[PDB]
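Laboratory data are not the source of any read-out in this text; all were calculated from the coordinates shown. FYI the Cβ positions are ideal-geometry reconstructions off the backbone, even for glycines, and counts take in every protein chain you see.
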Amino acid sequence: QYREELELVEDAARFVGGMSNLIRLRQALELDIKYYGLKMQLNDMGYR
Amino acid sequence: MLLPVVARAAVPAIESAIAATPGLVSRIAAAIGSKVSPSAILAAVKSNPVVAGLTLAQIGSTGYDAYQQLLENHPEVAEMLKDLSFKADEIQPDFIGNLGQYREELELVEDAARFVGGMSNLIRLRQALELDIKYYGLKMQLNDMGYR
Amino acid sequence: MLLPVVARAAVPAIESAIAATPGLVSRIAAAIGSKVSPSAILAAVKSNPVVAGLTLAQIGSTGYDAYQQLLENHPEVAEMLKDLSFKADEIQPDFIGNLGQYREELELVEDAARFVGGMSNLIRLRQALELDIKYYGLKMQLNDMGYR
Amino acid sequence: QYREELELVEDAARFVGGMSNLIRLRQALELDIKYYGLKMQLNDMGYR
Amino acid sequence: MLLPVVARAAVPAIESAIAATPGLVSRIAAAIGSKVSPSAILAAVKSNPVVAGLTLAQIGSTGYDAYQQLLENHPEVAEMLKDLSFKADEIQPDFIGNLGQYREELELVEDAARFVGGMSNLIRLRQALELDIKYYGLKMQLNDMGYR
Amino acid sequence: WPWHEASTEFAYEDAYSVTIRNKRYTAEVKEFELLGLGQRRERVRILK
Amino acid sequence: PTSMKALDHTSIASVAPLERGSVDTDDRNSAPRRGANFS
C-alpha cells in the first residue's frame, strides 16, 4: 500500500538532491520565522 | 562660528527649552564645560557648531529639526560628534552563550537559502507551500479555462 | 553492519539501561520505529549503526561513551545522524532587538583591531596597558643589568 | 600648568593618527570584555 | 566542534564536578557567559573547544587530564586560550630593589661559568672541589696499582 | 600593499537539469573540474 | 639527530605599510556560491 508514498518521496529526493538535503530542507521550511529575521539582521550589520 | 542659516532655527529652540526648564542648563554646562549661565552657553552655541550639536544632542524633543539642519549643513560636526557622543550599551551576561545555541540552525537557514536563491525567494517559497490547497485548485481551473 | 568494537560497548549499555528502567523501551520503539520487544530493538541496534546511534541518543546517561565511540569508529554516520537527531531551540523575543543595539560598537572594536593587528594582538595590548607599572620597572631593570 | 598634559596628548595623537582615532582607541580600550568575546564568537561561527 | 576523543574525557568530568558541587555552575556561567543551566553550559562545551578549555580551566581538581588531552588534540586553540586565560601574578613591593642587589653576584657567576665551560661544568667542578680528599687519595692508590 | 581588497575568492557550484520523458535529470559541476584540476585547491585568489 | 631548535627561534625585520587594512583575513574560507536556476 506504500508505493503511492515511496515514489513521491523518491521524486522529491531527485528534485532536491540528497536525502539528507531533503531532510535539512524540510527542517528549514518547518523552522520558525524569527531565525530568518535574525539571519537577515546579521546580514544587515555587514556579516556574511 | 555657526552659520546663520542653521542659527535662525537653532537658537530659539534652545532658548525655549531653557525657558521650559533650567535643570537642563546645568546638565549642558557640565557636559560641554562652559559657564552655567544661559548667556554663556548660548554664546558657546553661537560660536561653535560642535557645542551647538552637543546641546542639540542633550535636548532633542524640540531641537530635532535644528539638529537635522545643522547635520545637513555641516558634515564635519557630525563626523566629530559621533566620536564625542558614545554610550556603551549594557550587555546581557547570557548573551554570547545564548547566541551559541543558534549556530546549529542559522547554518540550516543558509543551506536552504543557497539552494532556493535569495532570502526573498526562500520566504516566498515558504509562503507558497504554507498557502491553502484551494488556491492551487483555482490556479488549475483558470488554466483549464484557457488563461495564463 | 555494526562494528564489533562499537557493539561490545553499545549492547551492554542499552541492555543495562533497559534493566534499569523499562519506560525507555516504548520510547525508543516509537522514536526508531521497531517493535516494543527488547529482542527486536537489540537486533535492530546490532544490524544498523544509524539505529544504534538513535538508541544511544535516546538514552543519555549510560550511553555517552558508547555514542562517542560509535562516532569515532563510524565517520560516515555523523551527518545523517545529526540530521535525524535535531531539535530546534526556542528563541527569546527580545534577542534581535537587543542585538541591534551593538552594531555601533562591534564596528568600534573592529576599527581598533585593524589598527592594532590581530584580535589576539588587541587582547594582549589591552592586557599590557591594564598591567601594573612595577612590571615596566622590572623590564627596565633587567635591561639595565644587561639581560635581554 | 597644562603644557605637561597637552604635549603628551599630541605625542599620543602623532603615533595613533588623528584625534578622532585617539578618541576611538581610548573608547575601545575602555570598553568591556564581553564585546570582544562576542566578536570572537561571530568570527568563530563564520561571519566577517 | 570538539573531537570525540576529547569529548569522552571532557564531558563526564564536567558532569561529575557539577554533581559534586553546584556552586561552580554560576561561576563558570559568569566566566564563559552562558545561561546558568548545566544543559546550556554543556551545549557550549560541546559546541566550542575554546569554551571547553575555559570550563576545564575553571574546574581545576578533576579537569587536568581532560585539559591536557584537549591541549594535545587541538593544538591550534593554545594561543587564544592562553590569551583569554590570564591572571596577574602579584608582584611584591620589595622585589625590584631586592633583585637590583644581585648584579654584584650574577656577573661573577657568569664569568666563572665562561671560564669553566657551561653551567653544568661549573656545578660539576664545584661538586668535585666539595668532594672529600679521601677520594683523591683513593684514586691515586688505584692509579698506582694500575686502575685508570 | 593590500592584496586582499584587490583579489577575490574563487569557488563555485552549478547544476543542469533536463526532463527526458516525464523524468528530471540533474548534473552537478564544480569549478576545479572545469579548470582542469583534480583536487579542490582552496588558497588561490583571482585579481579582480 | 641534528637539532635545529636554537636556529628555530628567530625574528623577521618587520616594516610598516603605507596603507593599513587586511590584517586578520589570513585564514578564512566561505562556502562556494551557487549558480542561478536554469529553465
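Placing unit charges on each Cβ (+1 for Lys and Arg, -1 for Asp and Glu) gives chain F a dipole about its Cα centre, and among F:34, F:16, F:46 the Cα reaching farthest toward its positive end belongs to F:16.
The modelled label-to-label distance for the pair residue F:27/residue C:5, using points 7 Å beyond Cα in the direction of Cβ, is 4.2 nm. Among B:31, B:7, B:21, which residue has its Cα furthest toward the positive end of the charge dipole of segment B:1-85, with +1 on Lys/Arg Cβ and -1 on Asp/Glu Cβ? Checked the options; the winner is B:21. With a 10 Å cut-off around each Cβ of C:119-131, the average count of Cβ atoms from other chains is 4.
Counting partner chain Cβ atoms within 10 Å of every residue's Cβ in A:17-30, what's the average?
Per residue, the average neighbour count from other chains is 5.
Ordered by packing density, taken as the mean number of other Cβ atoms within 10 Å over each peptide's residues, highest first, how do B:22-28, B:84-90 rank?
Working: B:22-28: 14.7, B:84-90: 11.4.
With the highest mean Cβ count within 10 Å placed first, the list reads B:22-28, B:84-90.
Computed over chain A, the percent of Cα pairs more than 14 Å apart is 65. Residue by residue along G:16-24, Cβ atoms of other protein chains within 10 Å of the local Cβ number 5 on average.
Which value at 222 nm does chain E reach when only helices count, each DSSP H run of 4 or more adding -39,500 (n - 2.57), with the total divided by all residues and rounded to the nearest 500 deg cm²/dmol? It would help to have the intermediate numbers written out before the result.
Details: 10 runs with 108 residues, N = 148.
The helix contribution divided over chain E gives -22000 deg cm²/dmol.
For segment B:94-148, the calculated P(r), taken from all Cα-Cα distances in 10 Å bins from zero up to the bin holding the longest distance, is 20, 27, 28, 15, 8, 3 percent. Across segment E:33-148, Cα-Cα pairs farther apart than 16 Å form 78% of the total. Averaging Cα coordinates gives a centre for segment D:20-48 and one for chain G; these two points are 21 Å apart. DSSP beta bridges confined to the protein assembly as shown are antiparallel in about 85 percent of cases. Projected label points at residue C:135 and residue F:12, each 7 Å from Cα along the beta carbon direction, are separated by 5.1 nanometres. Just going by the charge dipole of chain B, with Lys and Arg at +1 and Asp and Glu at -1 on Cβ, which of B:125, B:92, B:48 is farthest out on the positive end? The residue sitting farthest along the positive end of the dipole is B:48. Taking the C-alpha atoms only, the angle from helix C:4-20 to the longest principal axis of chain C is near 70 degrees. Within the protein assembly as shown, the percentage of alpha carbon pairs spaced more than 32 angstrom apart rounds to 70%. Here the dipole of chain B is about 540 debye; that uses its Cα centre as origin and unit charges on the Cβ of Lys and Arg (positive) and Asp and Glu (negative).
Do any of A:34/B:139; C:82/E:46; A:39/B:87 go past 19 Å between their Cα atoms, and which?
Details: A:34/B:139 31 Å; C:82/E:46 14 Å; A:39/B:87 26 Å.
Among A:34/B:139; C:82/E:46; A:39/B:87, the Cα-Cα distance tops 19 Å for A:34/B:139; A:39/B:87.
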